[PDB]
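# Summary of structural features
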Amino acid sequence: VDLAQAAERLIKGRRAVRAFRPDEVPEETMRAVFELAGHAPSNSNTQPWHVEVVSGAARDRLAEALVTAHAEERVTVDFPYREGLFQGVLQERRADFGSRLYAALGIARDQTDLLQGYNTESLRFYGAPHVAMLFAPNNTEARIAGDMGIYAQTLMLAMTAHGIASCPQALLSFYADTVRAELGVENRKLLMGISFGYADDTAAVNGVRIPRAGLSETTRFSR
Amino acid sequence: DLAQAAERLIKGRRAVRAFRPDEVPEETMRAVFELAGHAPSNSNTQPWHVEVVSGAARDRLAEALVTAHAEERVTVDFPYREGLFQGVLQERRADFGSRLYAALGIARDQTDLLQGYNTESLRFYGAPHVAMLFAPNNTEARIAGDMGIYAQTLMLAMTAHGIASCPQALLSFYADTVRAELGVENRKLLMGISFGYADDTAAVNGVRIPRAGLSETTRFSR
Ligand SMILES: Cc1cc2nc3c(=O)[nH]c(=O)nc-3n(C[C@H](O)[C@H](O)[C@H](O)COP(=O)(O)O)c2cc1C
Ligand SMILES: Cc1cc2nc3c(=O)[nH]c(=O)nc-3n(C[C@H](O)[C@H](O)[C@H](O)COP(=O)(O)O)c2cc1C
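Residues numbered from 1 in each chain as written, not as in the entry; some residues may be left out. Chains lettered and ligands numbered in written order. Heavy atoms only, no water. Residues with missing side-chain atoms left out of burial classes, pairs and counts.

Note the threshold: UniProt positions are given in the numbering used here, feature names are shortened, and annotations may be inferred rather than shown by experiment.
The PDB entry annotates chain B as NFNB PROTEIN of Mycobacterium smegmatis. What the PDB record gives as the title of this entry is "Crystal structure of the FMN-dependent nitroreductase NfnB from Mycobacterium smegmatis". Here chain B is described in UniProt, under the heading Subunit, as follows: "Homodimer."

Going by the PDB entry, chain A carries the name NFNB PROTEIN and comes from Mycobacterium smegmatis. Here is the UniProt Subunit comment for chain A, exactly as written: "Homodimer." UniProt lists a comment for chain A under the heading Sequence similarities, and it reads "Belongs to the nitroreductase family."

### So, the site of ligand 1
Residue and element names in this part refer to chain A. The criterion, for reference: Any residue with a heavy atom positioned within 4 Å of a molecule or strand is treated as near that molecule or strand. For this analysis, a polar contact is any N or O atom pair within 3.5 Å, provided that within protein one partner can donate a hydrogen and the other can accept it, and provided that sequence-adjacent residues contribute only side-chain to side-chain pairs. Surface exposure here means Shrake-Rupley accessible area, sampled with a 1.4 Å probe, where a residue is shielded only by the protein chains that are shown.
Residues in close proximity to ligand 1 total 22 residues, the closest being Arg-14, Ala-16, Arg-18, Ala-170 and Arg-212. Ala-16 places a main-chain nitrogen or oxygen 2.8 Å from an oxygen atom of ligand 1. With respect to ligand 1, the side chain of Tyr-126 contributes an N or O atom lying 3.0 Å from an oxygen atom. If ligand 1 stood free it would expose 620 Å²; the protein chains cover 91% of that surface.

### What about the pairing of strand β2 (residues 130-136) of chain A?
In summary, the side chains of a regular strand alternate between the two faces of the sheet. All names here are of chain A. Where we set the bar: Relative accessible area decides the class of each residue, using a 1.4 Å probe on protein chains only: under 20% of the type maximum gives buried, over 50% gives exposed, and in between gives partly exposed. Helix and strand labels come from DSSP, where a helix needs a run of H or I of at least four residues and a strand needs a run of E of at least two; each type is numbered from the N terminus. Note on pairing: DSSP must find at least two bridges between two strands before they are called paired.
Among the seven residues that make up β2, seven are buried, leaving the element largely enclosed by the rest of the structure. The side-chain alternation of β2 yields two buried faces, one formed by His-130, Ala-132, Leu-134 and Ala-136 and the other by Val-131, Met-133 and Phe-135. Judged from the five bridges that link them, strand β1 (residues 50-54) and β2 form a sheet pairing that is antiparallel. In the sheet register, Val-51 faces β2, and the bridge partner there is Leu-134. Here β2 runs beside strand β4 (residues 189-197); their pairing, made up of seven bridges, is antiparallel. Looking at β4, one finds that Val-131 is bridged to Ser-195.

### Description of unusual backbone geometry
Residues and elements named next belong to chain A. Backbone geometry at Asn-45 places phi at a positive 60 degrees, although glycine is not the residue there. Among the secondary structure elements, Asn-45 is positioned in the loop between α2 (27-37) and β1. Look at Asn-45 and you get buried, because its relative accessible area is 7%. Residues other than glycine seldom take positive phi values, yet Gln-47 does so here, at roughly 45 degrees.

### With respect to the nonpolar core
The cut-off we apply is this: Here, the term nonpolar core denotes a set of buried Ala, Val, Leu, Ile, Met, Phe, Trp, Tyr and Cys residues that are joined through side-chain atoms within 4.5 Å. Contacts were defined at the residue level, with two residues in contact if any of their heavy atoms lie within 4.5 Å.
Ranked by size, the top nonpolar core spans 74 residues in total, and within it A:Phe34 and B:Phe33 carry the most contacts. Here A:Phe34 is in contact with A:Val51, A:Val53, A:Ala132, A:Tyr151, A:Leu155, A:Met159, A:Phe196, B:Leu214, B:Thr218 and B:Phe220, once residues within four sequence places are set aside. Grouped together as the second largest cluster of nonpolar side chains are 34 residues, A:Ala63, A:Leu101, A:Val131 and A:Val205 included.

### Things to note about the UniProt feature "binding site: NADP(+)" in chain A
All names here are of chain A. The UniProt record annotates "binding site: NADP(+)" at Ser-44, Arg-94, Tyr-102 and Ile-107. A stretch of 64 residues holds the annotated residues, and the largest C-alpha distance among them is 46.0 Å, long enough that they do not meet in one place. Here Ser-44 is to be found in the loop between α2 and β1. Note that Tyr-102 resides in helix α4 (residues 89-105). Here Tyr-102 falls in the partly exposed class, since its relative accessible area comes to 28%. Aside from chain neighbours lying at most four places away, what touches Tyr-102 is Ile-107 and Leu-115.

### Examining the UniProt feature "binding site: FMN" in chain A
Residues and elements named next belong to chain A. Under the local residue numbering, the UniProt record ascribes the feature "binding site: FMN" to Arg-14, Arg-15, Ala-16, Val-17, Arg-18, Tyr-126, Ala-170, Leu-171 and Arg-212. These annotated residues cover 199 residues of sequence, and their C-alpha atoms sit far apart, with the largest distance between any two at 24.0 Å. Relative to the helices and strands, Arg-18 resides in the loop between α1 (3-13) and α2. For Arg-18, a relative accessible area of 13% gives the class buried. If we ignore the near neighbours within four places in the chain, the residues touching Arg-18 are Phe-97, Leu-101, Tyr-118, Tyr-126, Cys-167, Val-205, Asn-206 and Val-208. Here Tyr-126 lies in the loop between α5 (112-123) and β2.

### With respect to the packing of aromatic side chains
Rule in force here: By convention, a stacked pair of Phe, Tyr or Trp rings (six-membered ring in the case of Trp) has centres within 6.5 Å and planes under 30 degrees apart, an edge-to-face pair has planes over 60 apart, and any other such pair is tilted. Only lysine NZ and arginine CZ atoms are considered, and such an atom sits over a ring when it is within 6 Å of the ring centre and within 35 degrees of the ring normal.
For the coordinates displayed, the defined rule picks out eleven aromatic pairs over all chains. Note on A:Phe34 and A:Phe196: the rings are 5.7 Å apart at their centroids and 50 degrees apart in plane angle, and the pair reads as tilted. You can see A:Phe34 sitting in helix α2 and its partner A:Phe196 sitting in strand β4, a full 162 residues away along the chain. Overall, A:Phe34 belongs to the buried group, its relative accessible area being 2%. The class of A:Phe196 is buried, set by a relative accessible area of 0%. Pairing B:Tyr80 with B:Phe173 gives two aromatic rings, centres 5.7 Å apart and planes at 85 degrees, and the pair type is edge-to-face. Of this pair, B:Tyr80 sits in the loop between α3 (55-70) and α4 (87-104) while B:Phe173 sits in the loop between β3 (164-168) and α7 (175-182), placing them 93 residues apart in sequence. What links up through ring pairs into an aromatic cluster is the set A:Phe34, A:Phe196 and B:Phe220. Between the NZ or CZ atom of B:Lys188 and the centre of the ring of B:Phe78, over which it lies, the distance is 6.0 Å.

And the structure:
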């Protein structure tokens, strides 16, 4: 494999996978992936990421604790919402994404109980055998969060290289106190979780094709 | 195989601080920026707006930045405050600075050499191109996280085509200058990425910045 071809395969090949098989990723592969991900750059080489990887019985207890917290409305999010977050084209993109996702799931926006069933499964990591919880410093702001994103993408691409499917999930960060309590983590903020393992390629949700805006919408070249 | 290629890309990408004058071919530049667009983001919002500057426009921009710095016209959209980094994060920052300044041959009390180096950084380290990464006006942690996902996708796509890069928060400290020179309004500047082909004879390009061990950043439980 030539480098240019490999980058295209990894970058386009990585997709948000929402249905996994139960098979675990070998421990040596997980070590190789997370070691590689640590090579992400960051402001001043600060490497602000603290990553909690959960498997087996601990992963099962964590999934049940998230389902229970969600049922009890114990929302404990570390990052507040900012008014007007998605205006204009950002809102159009979110609406189009939601439309494609629900169409692949075979659910209509008015089918509340089916949306509930789907979201309960999301808290069970879509059946993934592993989850990586991406913790950040208590004083995380835009620059540190940018580095958390550099790391998240490095990790997802290293996973893709090993045939490991992933789903980045902001949803898991909405129950940060539950994750911290389960894992014994103190004084860190939870930005997102990444469910991972091997994709169930028979699931219609994994057939969803999410477009991108393209150069004219995002990029300008000047000289 | 793909596993080896990922290792080569991820480990091969380094912050390059001395460039050759040679421009990236137009078709390669378009391929790299189109590929970077495949970065994921919350709800597929793709909040990035990227201004790629080359040639005379890049020269005018570099000179405007040098002038803004000399006149102390610092304009920051995202604060970079003292105490942003504490504990081990502050020590990693100090350790990085020590390695960089040793490669540059600049001592602690050398203000004139430090000024000359800062001027060269505002000239994009001689890179023929710079990508300015603009974010929405209301950017907070989650949107900034997506900007980082994009920035790393772009740097890795560049590395795959043998294109060296340096992500630079420094360029975001003169946000009004960048906006005025590029006709950009109502977007915040998070960082710039200088890019082109590495000058392999430059001592600064020999620096190798380590990472904390896997045991230091990651915990596995079952
Ligand atoms: C930081 C971040 C948070 C995300 N949060 C969720 C989430 O909570 N649940 C979910 O189903 N997908 C989530 N997504 C996945 C996307 O919606 C997805 O990346 C986008 O639709 C682009 O599709 P693709 O990744 O398949 O190319 C998240 C993506 C990112 C980068
Ligand atoms: C968001 C971001 C901002 C950065 N700002 C600068 C900068 O202003 N000037 C600079 O020389 N390097 C800057 N760096 C580059 C690093 O310091 C570098 O990525 C870190 O030391 C790790 O080294 P490596 O990328 O060579 O592996 C920045 C890196 C990132 C990811």
